[PDB]
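Heads up, the chain below is alone and in the form deposited in one PDB entry; it's given as structure tokens.
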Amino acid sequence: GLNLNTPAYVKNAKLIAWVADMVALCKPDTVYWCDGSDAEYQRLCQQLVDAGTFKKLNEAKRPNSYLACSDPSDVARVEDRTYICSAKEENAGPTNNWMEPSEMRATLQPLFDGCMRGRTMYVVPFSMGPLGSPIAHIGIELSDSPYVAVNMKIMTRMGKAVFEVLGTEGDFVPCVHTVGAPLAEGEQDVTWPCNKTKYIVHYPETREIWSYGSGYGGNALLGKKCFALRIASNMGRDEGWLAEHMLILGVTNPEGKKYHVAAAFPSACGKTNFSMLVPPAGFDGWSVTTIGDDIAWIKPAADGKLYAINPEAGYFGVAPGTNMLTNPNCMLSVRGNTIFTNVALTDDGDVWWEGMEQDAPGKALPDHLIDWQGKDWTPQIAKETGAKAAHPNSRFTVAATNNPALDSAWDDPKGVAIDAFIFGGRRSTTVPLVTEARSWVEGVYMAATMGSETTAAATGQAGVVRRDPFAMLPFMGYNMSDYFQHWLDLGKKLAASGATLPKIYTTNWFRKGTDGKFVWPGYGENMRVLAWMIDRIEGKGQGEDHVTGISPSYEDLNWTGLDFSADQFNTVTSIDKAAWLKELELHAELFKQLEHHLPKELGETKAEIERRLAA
């Protein structure tokens, strides 16, 4: 068998045997074990620069940073090619793509057979959660992409320290990734190898993850969505914990009281910006700190509280829109040591994306850029054709420790107690700015039925409203109706301790006016909504009862520093009967599709809302 070049510190025979089997299938030219060091990261980056995948950015403008641009077919998640191959189709459910496991194995085996000819297999060891902690899980990703390897260094705890935890007998999550572009002897490679044919396949009974054809982070960083949401949610269902598509933030008010909240918004619908927001004018003495921006693992304790940890080590965030007004903590985070993907290149060797002009002299566009497709770009081109310099789903990858607002407990394996949950989709109509659920069951109803307009984070037509329960439509690892029951059962467990349950809120930053612009300013001004939630948590905030829950009056929010009138507030908080009647019919369609194992409590809650609308 091919020489594995196994390091001496790898003491795990079952792991080595699995690598041997995967090398025999994928047939790479050579095998490299990533140790996760800083020196190795620099060498792999230089390798990417030599291949043309990376351009090194100007050291004076953007220290130790790189720019990659991808094939236009490989810019986002591909939901139609993502599968949960559970033993029974009913354990995948209507929200997932299913295929009989033996039939998927026969589909993928010829694809992976020889997939890495002409390439190096990188062995990427990683821990999700702090290394060696009771809540952490170890994975091994085999990849033929050094781009995956360097991004995994930032997004996970990667490298040789993992094998100390694994030891001789520890188990691991097996992850296989190929760009699906084997190379003949003497064949010229492309700068972004990929395949038009893609599969991202999960086998829950074995915890196997197979990814073919994509180098895009959401499809190829297999610890992130594939393990820490899809596989982990199935483990949590069996073991009494949750894996959620949620940010976690800490907020401290001027009296020094600190609270933590977890918020589920769909991909590209505001989590990163909320998780590190800066309190605006009017909020002297408040502070917001970031635990995580994307994935949360949550379990109840005997004290009746819910404890959350962020299993990731970095941010893989949407770049367009980011500037010093919308997200200054992010702007400071990506000052250096960052990987940018599909943004534009300036004449001085820096990066640019739509939105950065708001910090520019005269708030003007740059005179010339090279766009993410390598084409010349100018403001005249932008004005005449609308060409985007940066792709709408362009990304930065940066270590969490670069964030000035990083919470001191961001990597504490004891977790933080969650005082409130927030759910919210991208909705141009119908949904008010903020609503508090009257009960846990009503809150689960709000999360189960939320809708959101599709975004550039996945392929397909953007701007289309769809149901996205708990912001987990692309990431739920088992039947969505059993997941609803899991949340209902968890609340009952918490209540039996005598505790007061965390409140559940719906939010909507994204109501549009007649010209299609946003009526609510959002970004830092979302602090004004968060401050109301804190008041409610403390039992000091007022609210008015309406059809879907409790909402603040104008006078219940702090408007110091923001010119936003009572009339503008009425627009984004009014409950419109006709719009909610239509919305409830869309809930009925979801419940029809999810009839199997649908908790009866959801139909009962829907019937009460219908009464309140006909009252």
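Numbering starts at 1 and runs along the sequence shown. What we label the rigid core is the largest C-alpha set whose atoms superpose within 1.5 Å from one form to the other.
Beyond what is shown, the protein has a form deposited in another entry; the following relates to that form.
Core-superposed comparison between the shown form and the other one: among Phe510, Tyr83, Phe112, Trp410, the single residue whose C-alpha moves by 2 Å or more is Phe510. Annotation: Cα of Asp348 displaced by less than 2 Å between the shown form and the other one, core superposition. Superposition on the rigid core between the shown form and the other one places the CA atom of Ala579 2 Å or more away from its counterpart. Positional change of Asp489 between the shown form and the other one stays under 2 Å at the C-alpha, relative to the superposed core.
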